[PDB]
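Engineer: Handing over query00.txt, compact mmCIF, C-alpha atoms.
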# COMPACT_ATOMS: atom_id res chain seq x y z
CA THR L 872 -1.77 30.70 6.57
CA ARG L 873 -4.82 29.78 8.70
CA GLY L 874 -6.87 27.70 6.13
CA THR L 875 -10.46 28.79 7.02
CA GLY L 876 -11.91 30.31 10.29
CA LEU L 877 -12.98 26.74 11.43
CA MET L 878 -10.89 23.84 12.96
CA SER L 879 -7.95 22.95 10.64
CA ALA L 880 -5.54 20.54 12.52
CA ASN L 881 -2.91 23.31 11.93
CA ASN L 882 -5.28 26.20 13.12
CA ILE L 883 -5.75 25.11 16.81
CA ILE L 884 -1.97 25.78 17.46
CA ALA L 885 -1.60 29.08 15.47
CA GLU L 886 -2.36 30.92 18.81
CA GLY L 887 0.52 28.91 20.40
CA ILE L 888 3.21 29.76 17.76
CA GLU L 889 2.19 33.50 17.97
CA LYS L 890 3.29 33.49 21.69
CA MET L 891 6.91 32.93 20.38
CA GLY L 892 6.63 36.53 18.93
CA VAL L 893 5.85 35.35 15.36
CA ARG L 894 2.90 36.02 13.01
CA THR L 895 0.43 33.78 11.22
CA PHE L 896 -1.92 35.15 8.54
CA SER L 897 -5.52 34.93 7.41
CA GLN L 898 -5.79 34.11 3.67
CA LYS L 899 -6.99 37.78 3.12
CA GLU L 900 -3.67 38.99 4.67
CA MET L 901 -1.58 36.44 2.67
CA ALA L 902 -3.54 37.62 -0.42
CA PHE L 903 -2.73 41.26 0.40
CA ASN L 904 0.98 40.36 0.80
CA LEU L 905 1.19 38.61 -2.65
CA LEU L 906 -0.85 41.40 -4.44
CA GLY L 907 1.96 43.71 -3.19
CA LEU L 908 4.35 41.71 -5.51
CA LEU L 909 2.20 42.88 -8.49
CA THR L 910 2.52 46.61 -7.63
CA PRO L 911 4.41 48.58 -10.33
CA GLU L 912 7.61 49.01 -8.11
CA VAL L 913 8.33 45.27 -7.45
CA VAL L 914 7.18 44.60 -11.08
CA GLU L 915 9.86 47.15 -12.20
CA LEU L 916 12.32 45.31 -9.80
CA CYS L 917 11.55 41.67 -10.98
CA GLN L 918 12.49 42.93 -14.51
CA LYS L 919 16.06 43.79 -13.29
CA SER L 920 16.93 40.76 -11.05
CA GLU U 776 -0.16 14.43 0.26
CA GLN U 777 -0.18 13.63 4.00
CA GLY U 778 1.22 10.64 5.95
CA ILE U 779 3.49 9.86 2.96
CA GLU U 780 7.00 9.30 4.41
CA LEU U 781 9.94 8.35 2.11
CA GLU U 782 9.11 4.58 2.31
CA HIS U 783 5.55 5.42 0.96
CA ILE U 784 6.46 7.70 -2.02
CA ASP U 785 4.38 6.13 -4.84
CA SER U 786 2.16 7.24 -7.80
CA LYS U 787 0.24 10.03 -5.97
CA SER U 788 3.55 11.75 -4.95
CA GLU U 789 5.07 11.16 -8.46
CA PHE U 790 1.91 12.76 -9.95
CA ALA U 791 1.81 15.63 -7.47
CA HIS U 792 5.53 16.28 -8.34
CA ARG U 793 4.41 16.89 -11.96
CA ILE U 794 1.56 19.32 -10.98
CA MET U 795 3.72 21.31 -8.51
CA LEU U 796 7.02 21.36 -10.55
CA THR U 797 7.64 19.75 -14.00
CA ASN U 798 4.32 21.03 -15.48
CA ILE U 799 4.89 24.49 -13.85
CA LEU U 800 8.17 24.58 -15.84
CA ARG U 801 6.30 23.31 -18.97
CA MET U 802 3.63 26.11 -18.53
CA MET U 803 6.39 28.85 -18.25
CA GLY U 804 8.17 27.08 -21.11
CA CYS U 805 4.97 27.36 -23.22
CA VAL U 806 4.43 31.12 -22.59
CA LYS U 807 8.09 31.77 -23.68
CA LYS U 808 7.34 29.88 -26.97
CA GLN U 809 4.02 31.80 -27.64
CA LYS U 810 5.68 35.17 -26.72
CA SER U 811 8.74 34.50 -28.93
CA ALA U 812 6.63 33.31 -31.89
CA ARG U 813 5.13 36.88 -31.99
CA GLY U 814 8.48 38.67 -31.29
CA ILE U 815 7.12 40.00 -27.95
CA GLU U 816 10.37 41.01 -26.12
CA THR U 817 9.16 44.01 -24.01
CA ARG U 818 5.99 42.63 -22.27
CA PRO U 819 7.31 40.00 -19.84
CA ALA U 820 5.15 37.84 -17.48
CA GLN U 821 5.91 37.95 -13.73
CA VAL U 822 5.83 34.31 -12.53
CA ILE U 823 4.81 34.36 -8.77
CA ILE M 1657 23.81 53.69 -75.69
CA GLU M 1658 22.30 56.43 -73.45
CA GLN M 1659 18.57 55.87 -72.59
CA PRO M 1660 16.29 58.77 -73.73
CA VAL M 1661 16.20 61.87 -71.38
CA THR M 1662 14.50 60.63 -68.14
CA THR M 1663 12.66 62.27 -65.17
CA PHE M 1664 11.81 60.23 -62.02
CA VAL M 1665 8.66 61.53 -60.19
CA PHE M 1666 7.89 60.19 -56.66
CA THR M 1667 4.17 59.96 -55.61
CA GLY M 1668 3.15 61.52 -52.23
CA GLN M 1669 0.46 60.35 -49.72
CA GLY M 1670 -3.07 59.02 -50.54
CA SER M 1671 -2.10 56.09 -52.84
CA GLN M 1672 -1.02 53.78 -49.87
CA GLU M 1673 -2.57 50.21 -49.85
CA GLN M 1674 -2.19 47.02 -47.71
CA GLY M 1675 0.51 44.72 -49.24
CA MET M 1676 2.25 47.63 -51.11
CA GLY M 1677 5.63 46.62 -52.68
CA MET M 1678 5.63 43.28 -50.75
CA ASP M 1679 5.76 41.65 -54.27
CA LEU M 1680 9.27 43.22 -54.65
CA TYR M 1681 10.18 42.28 -51.01
CA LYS M 1682 9.75 38.51 -51.95
CA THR M 1683 12.00 38.72 -55.06
CA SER M 1684 14.49 41.66 -54.90
CA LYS M 1685 17.73 41.42 -52.84
CA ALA M 1686 17.98 45.27 -53.10
CA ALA M 1687 14.35 45.85 -51.90
CA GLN M 1688 14.76 43.29 -49.02
CA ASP M 1689 17.85 45.28 -47.83
CA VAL M 1690 15.71 48.50 -47.66
CA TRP M 1691 12.68 47.18 -45.68
CA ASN M 1692 14.77 44.84 -43.40
CA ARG M 1693 17.17 47.76 -42.71
CA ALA M 1694 14.26 50.12 -41.75
CA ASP M 1695 12.12 47.48 -39.93
CA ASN M 1696 15.17 46.79 -37.63
CA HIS M 1697 15.55 50.54 -36.99
CA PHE M 1698 11.82 50.88 -36.07
CA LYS M 1699 11.77 47.64 -33.99
CA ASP M 1700 14.69 48.91 -31.82
CA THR M 1701 13.98 52.70 -31.47
CA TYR M 1702 10.11 52.80 -31.45
CA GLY M 1703 9.03 49.22 -30.70
CA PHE M 1704 7.00 48.39 -33.88
CA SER M 1705 7.68 46.64 -37.24
CA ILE M 1706 6.74 48.89 -40.24
CA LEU M 1707 6.57 45.60 -42.31
CA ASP M 1708 3.77 44.15 -40.07
CA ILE M 1709 1.88 47.50 -40.42
CA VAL M 1710 2.19 47.43 -44.29
CA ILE M 1711 1.57 43.62 -44.66
CA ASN M 1712 -1.52 43.28 -42.33
CA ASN M 1713 -3.31 46.62 -41.64
CA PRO M 1714 -3.62 46.38 -37.81
CA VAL M 1715 -6.59 48.49 -36.45
CA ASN M 1716 -4.88 48.98 -33.03
CA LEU M 1717 -1.12 48.73 -32.16
CA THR M 1718 0.17 48.73 -28.52
CA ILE M 1719 3.88 49.33 -27.77
CA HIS M 1720 4.98 47.96 -24.35
CA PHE M 1721 7.88 49.51 -22.37
CA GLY M 1722 8.85 46.44 -20.24
CA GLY M 1723 12.40 45.20 -19.55
CA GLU M 1724 15.54 47.33 -20.13
CA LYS M 1725 15.11 47.38 -23.96
CA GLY M 1726 11.52 48.66 -23.43
CA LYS M 1727 12.64 51.56 -21.07
CA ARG M 1728 15.05 52.69 -23.84
CA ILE M 1729 12.15 52.61 -26.35
CA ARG M 1730 10.01 54.74 -23.95
CA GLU M 1731 12.74 57.49 -23.65
CA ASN M 1732 12.56 57.61 -27.51
CA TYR M 1733 8.82 58.65 -27.37
CA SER M 1734 9.33 61.01 -24.33
CA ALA M 1735 12.18 62.90 -26.16
CA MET M 1736 9.94 63.58 -29.26
CA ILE M 1737 8.81 67.27 -28.83
CA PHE M 1738 7.19 69.89 -31.15
CA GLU M 1739 9.23 73.21 -30.69
CA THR M 1740 6.30 75.32 -32.13
CA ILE M 1741 6.96 79.16 -32.71
CA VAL M 1742 3.25 79.91 -31.55
CA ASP M 1743 3.01 83.25 -29.58
CA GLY M 1744 5.85 85.90 -29.36
CA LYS M 1745 7.92 83.26 -27.41
CA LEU M 1746 8.29 79.67 -28.86
CA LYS M 1747 6.26 77.01 -26.87
CA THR M 1748 7.35 73.25 -26.88
CA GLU M 1749 4.26 70.93 -26.90
CA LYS M 1750 5.76 67.45 -26.11
CA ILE M 1751 4.18 64.80 -28.52
CA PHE M 1752 2.77 61.76 -26.63
CA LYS M 1753 1.62 63.60 -23.44
CA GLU M 1754 0.22 60.19 -22.22
CA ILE M 1755 3.87 58.88 -21.92
CA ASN M 1756 5.79 59.51 -18.65
CA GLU M 1757 8.33 57.65 -16.37
CA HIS M 1758 5.37 55.48 -15.12
CA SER M 1759 3.98 54.28 -18.54
CA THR M 1760 4.20 50.57 -19.52
CA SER M 1761 2.21 50.84 -22.82
CA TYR M 1762 1.14 53.35 -25.49
CA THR M 1763 -1.62 52.44 -28.03
CA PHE M 1764 -2.00 53.84 -31.61
CA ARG M 1765 -5.77 53.93 -32.44
CA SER M 1766 -7.15 54.03 -35.98
CA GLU M 1767 -10.75 53.50 -37.25
CA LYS M 1768 -10.01 51.57 -40.51
CA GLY M 1769 -6.28 50.57 -40.36
CA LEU M 1770 -2.99 52.13 -39.05
CA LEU M 1771 -1.56 52.21 -42.62
CA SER M 1772 -4.09 55.13 -43.23
CA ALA M 1773 -2.67 57.13 -40.20
CA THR M 1774 -0.18 59.85 -41.33
CA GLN M 1775 2.81 58.61 -39.20
CA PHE M 1776 2.74 55.02 -40.57
CA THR M 1777 1.65 55.90 -44.18
CA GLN M 1778 4.53 58.42 -44.56
CA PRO M 1779 7.28 55.73 -44.01
CA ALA M 1780 5.43 52.84 -45.79
CA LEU M 1781 5.26 55.09 -48.97
CA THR M 1782 8.84 56.45 -48.62
CA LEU M 1783 10.20 52.84 -48.25
CA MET M 1784 8.00 51.19 -50.99
CA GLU M 1785 9.50 53.87 -53.34
CA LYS M 1786 13.15 53.77 -52.10
CA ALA M 1787 12.88 49.91 -52.56
Spit out the file's structure as structure tokens when you get a sec.
Structural biologist:
Amino acid sequence: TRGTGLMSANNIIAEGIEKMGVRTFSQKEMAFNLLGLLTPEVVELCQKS
Amino acid sequence: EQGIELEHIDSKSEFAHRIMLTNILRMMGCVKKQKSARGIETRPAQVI
Amino acid sequence: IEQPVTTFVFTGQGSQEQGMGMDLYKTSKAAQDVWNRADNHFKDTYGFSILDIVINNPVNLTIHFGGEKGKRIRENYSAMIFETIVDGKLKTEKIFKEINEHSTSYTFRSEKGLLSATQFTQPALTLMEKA
């Protein structure tokens, strides 16, 4: 998760990893992903297993 | 915690371990006690 | 010796009060068995405690339908119909229209207290007496 849109020691190489065929995330995307685990389907699922 | 290898695990790492684990467990423990207290058995809390 | 000829008369609605017959509930083994028996039936089929309602008049009361127990309790509100004979052909107006597969809560509103609503008063009387 690319910290901010400035120079994090981890950020400068994000571009480099992505060339492997992998994805990094903005915090807005990683937020989106985790707010999908509060939707009423995966809430209904969490309550089983 | 950065630049803390296994020879350098001290108070900061022991204190971090409490924030990021034992007190997480104590905070989920707590909500179980306050929910049970009031016989709430059908309104669970998703821990993410 | 036979007691003089006796009639028992059982009061209907209107007389209901907060704390009603909770004096007996403290003391009587026979009364305790009546409330406790009914409060377990309500807790498990419809998700509320009739004792709580009688003891402390709650203004609002939300049922939640979470977990497996909770889904069973929701089917118990969804099944409750009202097979009215209105019109030439009978029409079935399902009670709790705001309760479907995708509900997680239902809330009982009152103005003053729930113990004054017909559906809570009716049992609270009928128990208090039976006890």
Engineer: Near range 796-812 of chain U, counting only C-alpha atoms, which residues have an atom at most 8 Å away, once you skip same-chain residues fewer than 4 positions from it, shown as a tab-separated table (two decimals) with C-alpha atoms, in the coordinates of the input?
Structural biologist:
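As a result, result_16.tsv now contains:
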chain	number	residue	atom	x	y	z
U	792	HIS	CA	5.53	16.28	-8.34
U	816	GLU	CA	10.37	41.01	-26.12
U	822	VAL	CA	5.83	34.31	-12.53
Engineer: Report the closest atom pair, with its distance in Å rounded to one decimal, for each residue of chain U that has an atom no farther than 8 Å from chain M; count all atoms listed in the file, sort by chain and then rising residue number, and write it as JSON lines.
Structural biologist:
{"residue": "U:817", "atom": "CA", "partner": "M:1722", "partner_atom": "CA", "distance": 4.5}
{"residue": "U:818", "atom": "CA", "partner": "M:1722", "partner_atom": "CA", "distance": 5.2}
{"residue": "U:819", "atom": "CA", "partner": "M:1722", "partner_atom": "CA", "distance": 6.6}
Engineer: Go ahead and save the picked residues with C-alpha atoms, as a CSV table (one decimal), in the coordinates of the input.
Structural biologist:
chain,number,residue,atom,x,y,z
U,817,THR,CA,9.2,44.0,-24.0
U,818,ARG,CA,6.0,42.6,-22.3
U,819,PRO,CA,7.3,40.0,-19.8
Engineer: Sorted by chain and rising residue number, which residues of chain L lie within 10 Å of chain M, and what are their closest atom pairs and distances in Å to one decimal, counting only C-alpha atoms, as a Markdown table?
Structural biologist:
| residue | atom | partner | partner_atom | distance |
| --- | --- | --- | --- | --- |
| L:911 | CA | M:1758 | CA | 8.5 |
| L:912 | CA | M:1758 | CA | 9.8 |
| L:914 | CA | M:1722 | CA | 9.5 |
| L:915 | CA | M:1723 | CA | 8.0 |
| L:916 | CA | M:1723 | CA | 9.8 |
| L:917 | CA | M:1723 | CA | 9.3 |
| L:918 | CA | M:1723 | CA | 5.5 |
| L:919 | CA | M:1723 | CA | 7.4 |
Engineer: In Å to one decimal, how far is CA of residue 1713 in chain M from CA of residue 1673 in chain M?
Structural biologist: 9.0 Å
Engineer: Quick one: residues within 6 Å of residue 1748 in chain M, only C-alpha atoms counted, chain neighbours fewer than 3 positions away excluded, as a count of residues only?
Structural biologist: 3
Engineer: Take CA of residue 882 in chain L and CA of residue 906 in chain L and report the distance between them in Å, one decimal.
Structural biologist: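 Between CA of residue 882 in chain L and CA of residue 906 in chain L the gap is 23.6 Å.
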Engineer: Report, in Å with one decimal, the straight-line distance from CA of residue 884 in chain L to CA of residue 780 in chain U.
Structural biologist: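 Distance reported for this atom pair: 22.9 Å.
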Engineer: L:909, L:898, L:872, L:920: which is nearest chain U, counting all atoms listed in the file?
Structural biologist: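 Ranked by minimum distance to chain U, first place goes to L:909.
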Engineer: Would you pick out the contacts of residue 1701 in chain M at 7 Å or less, using only C-alpha atoms, so that residues sharing its chain but fewer than 3 positions from it are not included, and give the list as a PyMOL selection string?
Structural biologist: chain M and resi 1697-1698+1729+1732
Engineer: Nearest residue to chain L out of U:781, U:813, U:820, U:790, using only C-alpha atoms?
Structural biologist: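 Nearest candidate to chain L out of U:781, U:813, U:820, U:790: U:820.
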Engineer: Kindly indicate which residue among L:894, L:877, L:886, L:910 lies nearest to chain U, using all atoms listed in the file for the distances.
Structural biologist: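 Going through L:894, L:877, L:886, L:910 one by one, the smallest distance to chain U is for L:910.
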